[PDB]
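To keep things clear, I will list the structure first and then write my remarks on it.
Both counts, for ligands and for their atoms, begin at 1 and track the order of listing. Counting begins at 1 with the first residue of the sequence.
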Amino acid sequence: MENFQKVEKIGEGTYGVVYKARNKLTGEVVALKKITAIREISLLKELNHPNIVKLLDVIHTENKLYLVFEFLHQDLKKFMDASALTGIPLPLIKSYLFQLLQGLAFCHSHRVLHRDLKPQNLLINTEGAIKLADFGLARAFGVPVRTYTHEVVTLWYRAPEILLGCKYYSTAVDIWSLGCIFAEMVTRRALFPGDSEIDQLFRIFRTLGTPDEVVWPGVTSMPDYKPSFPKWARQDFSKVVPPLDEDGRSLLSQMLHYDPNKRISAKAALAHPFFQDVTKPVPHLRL
Ligand SMILES: Nc1cc(Nc2ccc(S(N)(=O)=O)cc2)ncn1
């Protein structure tokens with residue numbers, strides 16, 4: 001579009017390139033992403049919340065679609081890589097987890113799911129805020145095996161009910177993803193770095209135990225389930241995210257529950273004792 005001045009490529013998303021751009025009219029600096037779907041996007045423009053990257057505009061032109069979002073200076077992946085040596089302090093890990101749960105609770109309350117949470121889509125600013133980007137685009141446009149650049153879409157944060165072929169998942173898939181992200185900020189290593197759908201499922205099984213009819217009623221009937229899956233024992237949590245404390249380990253165990261109906265909701269998670277002492281520190285951001 002002619003109203004925006006591209007300032008630089010931020011990177012390649014699922015659906016297309018993402019640029020930093022200046023609006024010539026209003027002078028704002030935004031993130032320009034080149035991409036029923038139209039009807040879907042328009043619903044999202046209305047779901048505003050402090051921890052959700054604002055959707056400013058939707059420009060469909062010549063069968064060409066562009067989304068204009070609020071711009072933030074850095075993503076959680078880069079931030080994690082830069083704090084790799086010392087680790088992000090716990091007070092900041094807690095404040096981020098806390099804010100992200102506030103964002104999921106709002107969206108989930110309007111029955112909108114994210115479906116593809118990952119560090120690349122969690123954006124931060126110098127004031128200690130963290131927000132979720134691309135919320136709802138998966139349902140609008142779905143999730144491909146490969147991006148527009150043929151890049152592999154990461155499976156690291158995918159919930160087990162999705163890997164087992166359930167067609168109608170719930171908001172429980174986002175809590176699983178976020179719990180994988182919490183574990184990663186803590187240990188400074190991805191929890192389940194799968195390189196294929198089966199390696200991803202088997203990595204989950206090896207740490208959390210092959211699920212059964214006792215812990216996940218109905219699991220054995222799922223479309224992609226196989227009696228031949230190996231049966232690994234569940235590991236103990238202290239070995240999972242050391243040295244996280246017991247409140248943190250408890251909340252995480254609740255976010256990684258196999259049965260989606262038992263998995264904690266975002267709203268209940270915000271009440272967990274882990275948050276009693278939550279504060280809002282600021283990252284040391286060098287832009
Ligand atoms: N998808 C985005 C991204 C974005 N900005 C942004 C994201 C990542 C980076 S990085 N790779 O430098 O951390 C920089 C800016 N702002 C809004 N939407």
Side-chain angles (χ1 to χ4, degrees), residues 1 3-23 26-35 37 40-41 44-59 64-85 87-88 92-93 96 99-100 103-104 106-107 112-144 147-149 151-154 156-157 174 177-178 181 184-185 188 190 282-287:
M1 183 125 206
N3 306 266
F4 299 91
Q5 181 209 168
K6 306 219 237 186
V7 162
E8 101 184 326
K9 170 183 281 186
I10 287 161
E12 291 133 27
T14 304
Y15 329 102
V17 64
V18 182
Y19 286 94
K20 178 168 186 191
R22 188 150 178 164
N23 174 323
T26 77
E28 178 73 86
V29 165
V30 296
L32 197 55
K33 307 215 190 200
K34 49 187 187 104
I35 309 297
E40 263 297 337
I41 257 29
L44 317 187
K45 171 155 30 171
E46 267 43 84
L47 320 191
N48 302 140
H49 185 275
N51 297 108
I52 300 305
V53 180
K54 189 180 166 84
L55 200 212
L56 305 172
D57 244 301
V58 185
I59 302 141
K64 300 166 171 194
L65 186 58
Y66 302 89
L67 307 176
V68 187
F69 286 88
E70 110 176 72
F71 173 84
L72 281 97
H73 303 71
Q74 190 161 124
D75 75 42
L76 183 68
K77 185 8 157 192
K78 168 160 159 178
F79 188 66
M80 286 193 45
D81 282 346
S83 309
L85 303 211
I88 298 162
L92 185 56
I93 287 165
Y96 279 172
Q99 278 182 71
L100 296 165
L104 257 28
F106 167 84
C107 290
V112 170
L113 288 45
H114 186 112
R115 198 244 178 276
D116 188 33
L117 258 73
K118 83 196 83 177
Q120 276 152 250
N121 62 24
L122 304 179
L123 309 192
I124 62 176
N125 73 15
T126 47
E127 323 221 81
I130 183 142
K131 309 201 183 181
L132 288 117
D134 305 345
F135 219 112
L137 273 21
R139 154 162 232 215
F141 316 111
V143 192
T147 66
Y148 77 116
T149 67
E151 182 163 282
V152 182
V153 170
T154 185
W156 296 5
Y157 312 97
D174 285 337
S177 301
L178 180 64
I181 295 165
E184 179 168 348
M185 281 194 278
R188 330 162 203 168
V282 309
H284 205 279
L285 271 206
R286 109 173 248 213
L287 303 173

I'd like to know if the side chain of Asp134 reaches the main chain of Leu137, judged simply by a donor and an acceptor atom lying under 3.5 Å from each other, with no hydrogens or angles considered. no
Non-neighbouring partners of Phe141 that pass ring-ring contact (aromatic ring centres under 6.0 Å, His included), sequence neighbours left out: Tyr15
Tell me whether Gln99 contacts the main-chain N or O of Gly128 through its side chain, where contact means a donor paired with an acceptor under 3.5 Å. yes
By ring-ring contact (aromatic ring centres under 6.0 Å, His included), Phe4 pairs with (sequence neighbours left out) none
Do you know which of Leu100, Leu72, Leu92 makes side-chain contact (heavy atoms from CB on, under 4.5 Å) with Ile130? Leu100
Excluding sequence neighbours, so at least two apart, what forms side-chain hydrogen bond (donor to acceptor under 3.5 Å, both in side chains) with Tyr157? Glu184
Got the residues with a heavy atom under 4.0 Å of ligand 1, by chain and number? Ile10, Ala31, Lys33, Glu70, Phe71, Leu72, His73, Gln74, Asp75, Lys78, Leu123
